[PDB]
Amino acid sequence: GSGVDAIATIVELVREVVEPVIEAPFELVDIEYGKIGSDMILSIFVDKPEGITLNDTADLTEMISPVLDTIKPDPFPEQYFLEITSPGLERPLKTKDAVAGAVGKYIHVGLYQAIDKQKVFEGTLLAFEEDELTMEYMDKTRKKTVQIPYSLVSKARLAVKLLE
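Here's what the structure looks like:
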């Protein structure tokens with residue numbers, strides 16, 4: 004550590020240039036750099052109200068690009084990588100890999116129709132076996148155990164049953 008520094012200097016500029024550009028709706032979450040073999044990877048973390056996607060990332064970066072090759076003084080060597088991604092939450096149920104891995108968490112899922120006479124319910128996923136998720140659901144002051152298939156998740160997000 005020391006006074007002068009390019010890496011740290013980059014963060015200051017990258018931040019000071021991220022605000023006066025996008026100006027929402029895409030809100031900036033954070034930005035950092037990593038070491039991949041022999042290339043400095045840049046990761047601009049951005050958050051959205053409710054949506055985003057792989058298409059937004061490509062457009063987001065293109066916007067930062069113009070103000071990416073002008074963060075002087077700081078002429079990087081050459082071997083430097085850049086990537087844009089969103090945080091979302093921490094470990095969504097985008098794929099069964101997350102569901103099978105979770106096991107022991109409070110999840111909320113909203114279906115287009117309903118799994119048990121309800122569209123959106125809150126329940127803890129106790130385990131994953133046989134392409135099925137055993138979880139205790141909560142609805143209208145009713146806590147019971149129910150089995151959920153694997154191909155009807157529309158609004159599945161991570162959750163934590165109470166704090167204490």
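So for the sequence shown, this note's numbering puts the first residue at 4; every next one is plus one.
Think of the CB as a built atom: it goes at the ideal place given N, C-alpha and C, for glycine as much as any other residue.
Query	Result
Sort 14, 159, 16 by Cα distance to residue 91 and report the nearest one.	159
Tell me, to the nearest whole angstrom, how far the beta carbon of residue 13 is from that of residue 77; I am working on the premise that it is less than 8 Å.	6 Å
Hey, residue 95 and residue 161 are a contact pair by Cβ (cut 8 Å); roughly how many whole angstroms apart?	6 Å
If you count every other CB in all the chains shown that lies within 10 Å of the CB of residue 154, and 16 or more means buried, which is it?	exposed
Considering only their Cβ atoms, is the gap separating residue 109 from residue 164 smaller than 9 Å?	yes
Pick out the complete beta strand (DSSP E) segments inside the stretch 39–103, 3 residues or longer, and give them in chain order.	42–50, 83–88
How many Å lie between residue 149 and residue 129 at the Cα?	11 Å
Measuring CA to CA, which of 127, 88, 117, 133 is closest to residue 99?	133
Identify every residue that forms a DSSP beta bridge with residue 165.	The partner list for residue 165 (beta bridge, DSSP) is empty, contrary to what the question assumes.
Identify the residues that DSSP records as bridge partners of residue 147: which are they?	140
Where DSSP assigns a beta bridge to residue 33, which residues make up the other side?	48
Among 55, 121, 88, whose alpha-carbon lies nearest the alpha-carbon of residue 144?	121
Run through the DSSP bridge pairs and tell me what residue 125 is partnered with.	111, 141
At the level of alpha carbons, what is the spacing between residue 71 and residue 147?	53 Å
What distance in whole Å lies between the Cβ atoms of residue 113 and residue 157, which are believed to be in contact at a cut-off of 8 Å?	6 Å
To which residues does DSSP link residue 18 through a beta bridge?	Paired residues: none, contrary to the question.
Which of helix, strand or coil does DSSP assign to residue 9?	helix
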